[PDB]
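Going line by line, the protein sequences match chains A, B, C, D, E and F.
Per my numbering, the first sequence starts with residue 7, numbered consecutively.
Per my numbering, the second sequence starts with residue 7, numbered consecutively.
Per my numbering, the third sequence starts with residue 7, numbered consecutively.
Per my numbering, the fourth sequence starts with residue 2, numbered consecutively.
Per my numbering, the fifth sequence starts with residue 2, numbered consecutively.
Per my numbering, the sixth sequence starts with residue 2, numbered consecutively.
Before any comments, here is the structure.
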Amino acid sequence: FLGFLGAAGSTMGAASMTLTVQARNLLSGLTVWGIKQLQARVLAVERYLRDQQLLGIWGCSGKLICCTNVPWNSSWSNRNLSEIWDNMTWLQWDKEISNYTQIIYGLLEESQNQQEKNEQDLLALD
Amino acid sequence: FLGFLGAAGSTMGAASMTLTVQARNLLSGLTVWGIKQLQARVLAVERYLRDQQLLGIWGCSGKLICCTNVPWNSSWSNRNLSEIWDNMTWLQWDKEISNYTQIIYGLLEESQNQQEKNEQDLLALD
Amino acid sequence: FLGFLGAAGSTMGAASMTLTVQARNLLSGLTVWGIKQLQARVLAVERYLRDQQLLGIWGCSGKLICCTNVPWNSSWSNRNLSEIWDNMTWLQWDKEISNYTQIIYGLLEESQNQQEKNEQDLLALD
Amino acid sequence: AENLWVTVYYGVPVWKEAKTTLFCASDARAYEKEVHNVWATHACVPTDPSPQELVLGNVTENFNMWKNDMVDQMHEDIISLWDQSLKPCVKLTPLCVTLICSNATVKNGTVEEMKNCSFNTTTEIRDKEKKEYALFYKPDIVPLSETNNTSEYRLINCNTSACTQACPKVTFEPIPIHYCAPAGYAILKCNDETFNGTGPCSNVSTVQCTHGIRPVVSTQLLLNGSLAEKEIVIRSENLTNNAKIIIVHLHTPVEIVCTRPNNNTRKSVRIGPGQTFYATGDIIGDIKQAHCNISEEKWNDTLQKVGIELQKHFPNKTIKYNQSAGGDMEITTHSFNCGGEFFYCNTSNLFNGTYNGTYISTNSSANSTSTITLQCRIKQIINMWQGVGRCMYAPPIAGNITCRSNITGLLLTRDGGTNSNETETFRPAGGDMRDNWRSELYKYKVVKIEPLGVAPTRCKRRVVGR
Amino acid sequence: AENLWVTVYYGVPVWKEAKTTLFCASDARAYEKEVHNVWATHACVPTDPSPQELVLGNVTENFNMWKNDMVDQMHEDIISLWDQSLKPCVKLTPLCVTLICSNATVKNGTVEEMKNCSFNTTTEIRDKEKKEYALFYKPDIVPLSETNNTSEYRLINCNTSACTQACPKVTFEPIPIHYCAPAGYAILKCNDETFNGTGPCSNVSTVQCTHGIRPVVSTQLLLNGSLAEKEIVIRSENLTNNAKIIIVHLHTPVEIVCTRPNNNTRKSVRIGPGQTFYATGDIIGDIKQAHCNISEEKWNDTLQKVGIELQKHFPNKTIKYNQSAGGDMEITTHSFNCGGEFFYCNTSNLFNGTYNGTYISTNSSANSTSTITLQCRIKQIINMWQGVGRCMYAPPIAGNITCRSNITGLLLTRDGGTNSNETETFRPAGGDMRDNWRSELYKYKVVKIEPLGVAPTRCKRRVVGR
Amino acid sequence: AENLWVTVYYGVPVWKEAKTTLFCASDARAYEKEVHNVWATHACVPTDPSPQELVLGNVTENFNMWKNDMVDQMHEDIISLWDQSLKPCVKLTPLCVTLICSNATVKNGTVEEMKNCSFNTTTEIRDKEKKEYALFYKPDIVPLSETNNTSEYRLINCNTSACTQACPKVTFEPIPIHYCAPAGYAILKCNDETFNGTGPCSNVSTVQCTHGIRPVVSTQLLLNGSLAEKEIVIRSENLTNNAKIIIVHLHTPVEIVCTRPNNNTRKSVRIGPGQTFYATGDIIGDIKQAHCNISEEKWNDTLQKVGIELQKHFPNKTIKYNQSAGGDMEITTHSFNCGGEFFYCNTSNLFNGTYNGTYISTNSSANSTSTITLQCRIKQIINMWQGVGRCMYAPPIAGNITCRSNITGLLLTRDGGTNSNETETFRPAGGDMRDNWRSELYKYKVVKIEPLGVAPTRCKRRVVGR
Ligand SMILES: *[C@@H]1O[C@H](CO)[C@@H](O[C@@H]2O[C@H](CO)[C@@H](O[C@@H]3O[C@H](CO[C@H]4O[C@H](CO)[C@@H](O)[C@H](O)[C@@H]4O)[C@@H](O)[C@H](O[C@H]4O[C@H](CO)[C@@H](O)[C@H](O)[C@@H]4O)[C@@H]3O)[C@H](O)[C@H]2NC(C)=O)[C@H](O)[C@H]1NC(C)=O
Ligand SMILES: *[C@@H]1O[C@H](CO)[C@@H](O[C@@H]2O[C@H](CO)[C@@H](O[C@@H]3O[C@H](CO[C@H]4O[C@H](CO)[C@@H](O)[C@H](O)[C@@H]4O)[C@@H](O)[C@H](O[C@H]4O[C@H](CO)[C@@H](O)[C@H](O)[C@@H]4O)[C@@H]3O)[C@H](O)[C@H]2NC(C)=O)[C@H](O)[C@H]1NC(C)=O
Ligand SMILES: *[C@@H]1O[C@H](CO)[C@@H](O[C@@H]2O[C@H](CO)[C@@H](O[C@@H]3O[C@H](CO)[C@@H](O)[C@H](O)[C@@H]3O)[C@H](O)[C@H]2NC(C)=O)[C@H](O)[C@H]1NC(C)=O
Ligand SMILES: *[C@@H]1O[C@H](CO)[C@@H](O[C@@H]2O[C@H](CO)[C@@H](O[C@@H]3O[C@H](CO)[C@@H](O)[C@H](O)[C@@H]3O)[C@H](O)[C@H]2NC(C)=O)[C@H](O)[C@H]1NC(C)=O
Ligand SMILES: *[C@@H]1O[C@H](CO)[C@@H](O[C@@H]2O[C@H](CO)[C@@H](O[C@@H]3O[C@H](CO)[C@@H](O)[C@H](O)[C@@H]3O)[C@H](O)[C@H]2NC(C)=O)[C@H](O)[C@H]1NC(C)=O
Ligand SMILES: *[C@@H]1O[C@H](CO)[C@@H](O)[C@H](O)[C@H]1NC(C)=O
Ligand SMILES: *[C@@H]1O[C@H](CO)[C@@H](O)[C@H](O)[C@H]1NC(C)=O
């Protein structure tokens, strides 16, 4: 147990070993203070379900570390592979890749996993 | 972006391409008017989780188009394959088929996926 | 239909046929009595999602009966296999094994399903 | 070809019609300054929802305005916001004393319908009462039980309830409201123009939220609504049953100027530990009664056109418009909420003397001319929702009351079942407040999506490992 | 033989004993008209759940009625619904004034415990007071704090709280309540008849919701309950500790009639801006105490049978029933809520002078015979939940008050630390209102399902793609 | 080397800075007895959360104490808990009457701060009034609007609002609050020594909840806080702009004793019917003012050291501390709340006469000696939150009022825009109550986790079934 966020200073190649430890704590839980606690807890459950729905659309559902068939475009980033995994933190990488969020998601939704499902139905057709 | 329900007039063979577009909108969100938001949001989340649990019992969890081993009974419907997929809308087909909901689910739950799971455990026995 | 808990006196080898019938009912749903309904429902949803997430971390997401690669320790329990499956209720087994909860769960997480998914990523590297 | 197999789809486009909560979204700009508006307080969510209308096409389904539940969602919501808005405010319990009332005098004349009432109050000290006076309009006042002295009077409410004053911060502004569906529900517009309230609409569009509804309350003419863009339209649940209210929509609005001329001063009076209460003051003079002006040039044509349209349901007979039939001012007059004062205007001068609308098309042309002028009563003690909810006292407004509106629709009934030989007649009527909502929400429905589906196809099996 | 491996199951049948909220379901039919009943307002849900009882079999587990939480859940609910129902209603704060009270003369006689009080009120005008009169029962009235004049009196509450009137629309009806488990919990019944409140129940069944509990309040006899289906039953947390209450269940109920005979008129009185308060009026004459009637034969046999069942816990001694111990009417008398009047009936005529219940099985039979008759007090100013919850005034009921009920159980204790030689003595005593719930909920438990589980089996691995 | 592919990670350690609701949690031990504590009622959860601190290391990020939303979250919570705790209690409405007042006499002395007022009340009976008296401190009293007789007086609130009495069970105890971030957020502490309110903090730790904040209101000296563990620290948003308050933290607390000596008796008076109201009573005699003692030795050293620290921002000039500027006692004195009495103590005896803090290091020692002594006004009618929230009356406390506290920080400003030749000057000023929270929530942040991430690696594909 390294603890929640306990690898935020570590290189991506080390921090990517902790994912269960952190994910397992994204889901927790005369007066109006009952409305505060409900309105926090329902929003926390809504955010978790929005993530799990989005992983299912990409085809990753249930996996934490997940592979996909979408290739990289050198415009999104192009630094050598060791300058990522062996060298810098997920938080520092986030502030580099942040433009290409949404661009990569539409490429995953339709332009991979819908197409995989079209071809899969045409295989199990036999 | 083809739009939420934007295929509702299309043939089923066309509308069945838009499932991610629609599914992403099944899940969103001194006074007691805050009870409207909380009681609506908790019911919306409860309906979504009932759908996901129901797909998991049938064995389809994390798919949108899913294929199962139950064969058709001509009593449920008996029209030609193109007279479904190339010819009418999901909204029209629903009002043909709506009798045999419950019947098809009871047949999927036990008399398919429970038995697939009995046989899987007896295979992994080795 | 044996019904909800309808097998609670039956042997484990007969109760384990009914898992869908029960699991379909782990999720259901001038005044402040609406705060009973909201605080009850959001807790019942939150407990259910904590089970589903925990099944995701062990590598069983979407199965009811599931199998793992962790071998038994005689310290946890050591009786003949018929004295388990052919002989005692889940309610009786739960009162025998209850020491080794948290021991088995922590062993399933890192020391099995993270490790399987490490080796999977090192394999799809090709 | 082959055997067919149960295949399963999630996120399928299909729906069932069902009742639900709707969210009160709003223009975001109000709650920067306008803390608790009487209609859409900040309990309505500042949002400014984008009008993401999407046309479906090839879909055609049964709209109905009369059975629509969104009307009742609005009726209970508007009542709920009214009570939340009154509850913080000063209760006129300690003001229910003996009033001694004589005439109001200005420029040595006597004012038409305002009596000048002397009465007593506590100061901020319980054991120190004092005398003071305020002006009250005759309708807010009634003689005390017997005229032992004829100048003894009371405030009207006291033998029934206790009225809250409306707090000065809490405005009556009819700001736009957007009704929005929660997740898994969708709102359908009927875009099939000339849809007449019920039946299969041949052209349907989705929206996340309605157009901006103004919650405008008036009881004979309808004010500041949306026009019928193709032509005049006549709606009722059954036109043959004369007891069903006939909602009319106009194609071109008529501009109404509603006005006062008095110059008037506002006074503050107390009976307490501290609070402030607002009362009516002394006057500066040139004098005419409060009134509204409708241009004859426009109104003539408007009741002519509506007459032609009614004759397509009432053929080969002449149509006449007539007075509201009977009862108190609360039903027989055009109610209002202009500038923060509650007008009540006579309409027997307006729905009058009018012959066959088809034959009047032979007239249909004039130079510009005088206004039809309506005399108006005013009152401050109000039982707004036809006795539902609390009694309210509207505080007086200083000086410069005037407002300008568009007539967009009318609330009618046919006349009684007389011989009706060669003729038919119509009257304005108030009914229940719901028809101020049906005259906007007529082209709407809410539907629940049912996103699971099963279907046959040749996908043989989920073959193990394949 | 073979290697064994951790295998995982979800939806396993297993549970842990734990506390929770319970949903308050109802028969659906009340909330069509019975808006805010004092017990079971429409805060409880018109679900009307079918009793889907399932026998489990092969399972045995430890029920306990004394440590039970559903009793505390009901105690906190019934108090909440009582307070919720009174908070909107008229407050008698302005009625607390000097009352001049003389005799209640009726038709050539005088009423025994009612006095005729004159007092001062405001009209609807704050500065115009008037005199008027109302009849009050002597328990609601007390001499004014200094005894200057033997005719000056006050309403009892004034030195302790201001009583709210119970609104006429807010009824006292004992409507059935069904308590339901939220999702992930189950309610268990003990179906093992002759189970005595604690220990291993040998025969257990699941339900979604309890049988229809009636929230009835009375304090010596119980009313309108469920019978013990096999035999008379005695329950107590420790029978040898004489301070522990001894709930008894009957197998055959005794029919009780509770009645008034007076003819009486209801009067309406005000001190305000508008409201109404209800007060007691003038009478038409034949004169009797309000009273209750019990059949001597049925009662005699009933107290005899209970003596035999107690002799099996207390062998070789003679059991005698006796009077309630002492104190004020609020604990020494059988409380009630009949028809909307709060009766308080003496029982020293009823728990009397009885020999050995075993030897009395010699007698045990009679022909048709006279009633035992109980004298009753009535009162209107009520401190209902033994001081907690608001003071309430029950408005009087015109004319025809009478009701018929079933005695289903008794609230005994043994007597004090006497010589006990050849003998033991038992007394009625009322205790906490919780026992009126334990005398229905004794055979229930709520359990939390824990649906995950792990077990060894020969399934070797999830061999990749196998 | 090889092609790179989008690979997805869930639960990645990354965050965005954002606003949220925060949970209030407490040490468990209060709500066993202490129902509705004014600060931290049982609306704060009795969790007693463990300080599970976790040093991240290799991370550095920007903090800001001035823009911090947790301060505003605390202010809107403290006001809500105050208003909700007063709303149940007795209203001093019927007490607002003509007070007739003369001198408070004790053992031939006259108490200078207290007047003796006769006034009238109802008994419990509405139509029976009586005379009675209570002592009131001069600040709670003002002469009647016209002095017809100069002994006519009133309670101060009546030309503004009705004050609630603070109920006898509802304590002002400053028990610790822990603030906790909800699921999917985290709280970051800056653990870098001498962090001066803004900039990149070099050493950051996660916690689930804050340290124990005490919500202490005092307005020139801060009280009972957390020390700066290494040095005296100066914080302000812009030191060159004199309008910005200058919060200081001490490395060592100065112990203050604040006391009363009187012996005083507590009196009960009623005007109502359901009740406790408390009023001030008769005295036993020696006469001494409410006062506070600060040790000269410790205080001199403290204002010496702060003068060195200010000189490191204000170089090559001499520093003097001086009196608070002007206005009423509500801003110019140390507001306090000690033991349930609201002291208001003068400080012009204390921020005085002081020369260059660097040169005063030549003194820097003494043998222990006399105290600096502060005179104190006391009052009971309180407008606590600088004009927002309800008016409160604090009921008198009998006999033994004394409390002991730690001065841990100061609220300064620089002086006005003089020539500033060789010199600068500083003054105590209380400002908005938010700075009583910023002097604990300075080293803190709330962050939102964003657990989805996408990255390149040589994992070629999810090849079909591989
Ligand atoms: C049908 O719809 C029309 C609009 O299309 C409505 O008519 C308007 O009604 C509102 C009130 O409901 C009127 O607003 C008031 O106008 C007064 C004059 O404003 C002008 O002059 C000032 C300087 O004197 C300028 O700054 C300003 O820009 C304008 O040119 C104001 O004195 C009033 O102030 C009060 O209300 C505002 C909020 O609006 C508060 O912030 C203030 O503190 C103050 O309390 C007010 O603004 C408006 O003038 C009307 N317009 C016309 C053209 O008549 C009808 O009301 C509606 N029909 C029905 C039945 O409601
Ligand atoms: C133990 O359980 C018994 C029942 O099993 C209870 O006895 C009943 O108590 C209720 C009141 O709680 C009694 O109901 C009242 O009856 C009046 C007479 O009704 C009969 O006569 C009229 C014609 O005059 C017929 O229309 C009617 O069908 C009946 O045949 C009614 O006048 C009363 O009306 C008032 O209350 C109702 C709600 O009940 C309101 O809707 C009305 O507007 C009105 O305000 C009322 O209905 C009933 O009669 C009793 N039955 C018997 C046989 O006694 C015991 O009360 C209970 N024990 C305890 C301690 O509560
Ligand atoms: C709406 O118009 C009607 C019709 O004019 C107004 O009511 C009154 O109607 C009668 C005819 O039925 C008018 O005629 C007569 O007037 C003389 C006056 O001396 C009188 O002696 C007769 O008994 C009869 O009333 C009458 O003039 C007319 N009143 C007025 C003031 O015009 C009605 O007033 C109009 N509605 C409102 C709310 O004002
Ligand atoms: C319940 O029954 C008791 C027992 O009868 C009633 O109380 C009183 O009991 C005493 C004996 O302990 C009775 O006897 C004597 O009566 C004379 C009357 O003048 C008196 O002087 C003696 O001091 C003694 O009390 C007494 O008659 C009896 N009282 C009555 C009114 O019967 C009791 O009344 C019954 N409970 C209730 C609530 O009525
Ligand atoms: C805080 O200290 C000030 C400064 O001493 C107190 O206010 C009054 O300030 C004046 C100078 O501005 C003091 O000096 C003079 O006293 C003589 C006395 O005969 C008088 O003739 C002069 O007109 C002038 O006032 C004055 O002594 C001083 N008053 C007192 C009562 O000390 C201030 O009182 C202190 N703060 C508080 C809240 O009391
Ligand atoms: C069942 O089938 C008949 C005949 O097609 C149809 O009229 C009816 O509406 C269907 N009912 C349902 C529940 O789908
Ligand atoms: C562990 O095992 C012993 C012996 O069976 C038992 O007494 C104890 O309660 C068990 N503890 C748990 C947590 O199961």
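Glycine is no exception: its CB is placed at the ideal position from the N, C-alpha and C atoms.
Answer with yes or no whether the minimum CB distance from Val48/A to chain F is below 8 angstroms.
On the first sequence, residue 48/A is found 42 positions in, with the first residue counted as 1. Closer than 8 angstroms: no.
Should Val76/A be flagged as near chain C, meaning a C-beta pair shorter than 8 angstroms?
Position 70 of the first sequence, counting from 1, holds the residue named residue 76/A. False, the Cβ-Cβ gap to chain C never drops below 8 angstroms.
Tell me whether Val39/D, by its Cβ, gets closer than 7 angstroms to a heavy atom of ligand 1.
As a first step, residue 39/D must be located in the fourth sequence, where it is residue number 38. Because no heavy atom of ligand 1 lies under 7 angstroms away, the Cβ of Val39/D does not count as near it: no.
Taking the CB atoms as reference points, tell me whether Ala29/C and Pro429/E lie closer together than 8 angstroms.
By one-based count along the third sequence, residue 29/C stands at place 23. By one-based count along the fifth sequence, residue 429/E stands at place 428. Going by C-beta atoms, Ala29/C is not nearer than 8 angstroms to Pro429/E.
Please list the partners that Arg56/B has in chain C, where partner means a Cβ-to-Cβ separation under 8 angstroms.
Taking the first residue of the second sequence as position 1, residue 56/B is located at position 50. What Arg56/B touches in chain C: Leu33.
At a Cβ cut of 8 angstroms, what residues of the region 87–105 of chain E count as close to chain F, listed as they run along the chain?
So the close ones are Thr94, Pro95, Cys97, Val98, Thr99.
In angstroms, rounded to a whole number, what distance separates the CA positions of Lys380/F and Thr172/F?
As a first step, residue 380/F is located in the sixth sequence; it is residue number 379 there, counting from the start. As a first step, residue 172/F is located in the sixth sequence; it is residue number 171 there, counting from the start. Between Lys380/F and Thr172/F, the C-alpha separation is close to 18 angstroms.
Indicate whether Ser440/D and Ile285/D have their beta-carbon atoms separated by less than 8 angstroms.
Within the fourth sequence, the letter at position 439 stands for residue 440/D. Within the fourth sequence, the letter at position 284 stands for residue 285/D. Cβ atoms of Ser440/D and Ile285/D: not closer than 8 angstroms.
Quick check on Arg467/F - is its C-beta less than 8 angstroms from some C-beta in chain C?
Within the sixth sequence, the letter at position 466 stands for residue 467/F. Yes, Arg467/F lies at the interface with chain C (some Cβ there is under 8 angstroms from its Cβ).
Apart from the five residues just before and just after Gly12/A, which ones in its own chain have a Cβ nearer than 8 angstroms to its Cβ?
For this step, residue 12/A is matched to residue 6 along the first sequence. Excluding sequence neighbours, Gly12/A sits near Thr24, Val27.
Any heavy atom of ligand 5 closer than 7 angstroms to the Cβ of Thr220/F?
For this step, residue 220/F is matched to residue 219 along the sixth sequence. It does not: the Cβ of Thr220/F is nowhere closer than 7 angstroms to a heavy atom of ligand 5.
So is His179/E buried or exposed if we call it buried at 16+ other beta carbons inside 10 Å?
Locating residue 179/E in the fifth sequence gives position 178, where the first residue counts as 1. Its Cβ being crowded by 16 or more others within 10 Å, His179/E is buried.
For the pair the region 267–278 of chain D and the region 110–123 of chain D, tell me if three or more CB-CB distances fall below 8 angstroms.
The region 267–278 of chain D, when compared against the region 110–123 of chain D, does touch it at the 8 angstroms Cβ threshold.
Going straight from the alpha carbon of residue 524/D to that of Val38/B, what length do you get?
Because chain D is modelled from 2 through 467, residue 524/D falls outside the range shown and cannot be assessed.
Output yes if chain F places a C-beta closer than 8 angstroms to the C-beta of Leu131/C; else output no.
The residue labelled residue 131/C in the question sits at position 125 within the third sequence. With 8 angstroms as the cut-off, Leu131/C counts as an interface residue toward chain F.
Taking any heavy atom of ligand 6 as the mark, which residues have a C-beta closer than 5 angstroms to it, listed down the chain?
After applying the 5 angstroms Cβ criterion, the set is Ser104/B, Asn105/B.
Can you pull the chain G neighbours of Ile41/C, defined as C-beta to C-beta under 7 angstroms?
In the structure shown, chain G does not exist; the protein chains are A, B, C, D, E and F.
Look at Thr319/D and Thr424/D and say whether their C-beta atoms are less than 8 angstroms apart.
The residue you call residue 319/D lines up with position 318 of the fourth sequence. The residue you call residue 424/D lines up with position 423 of the fourth sequence. Taking 8 angstroms as the Cβ cut-off, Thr319/D and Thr424/D qualify as a contacting pair.
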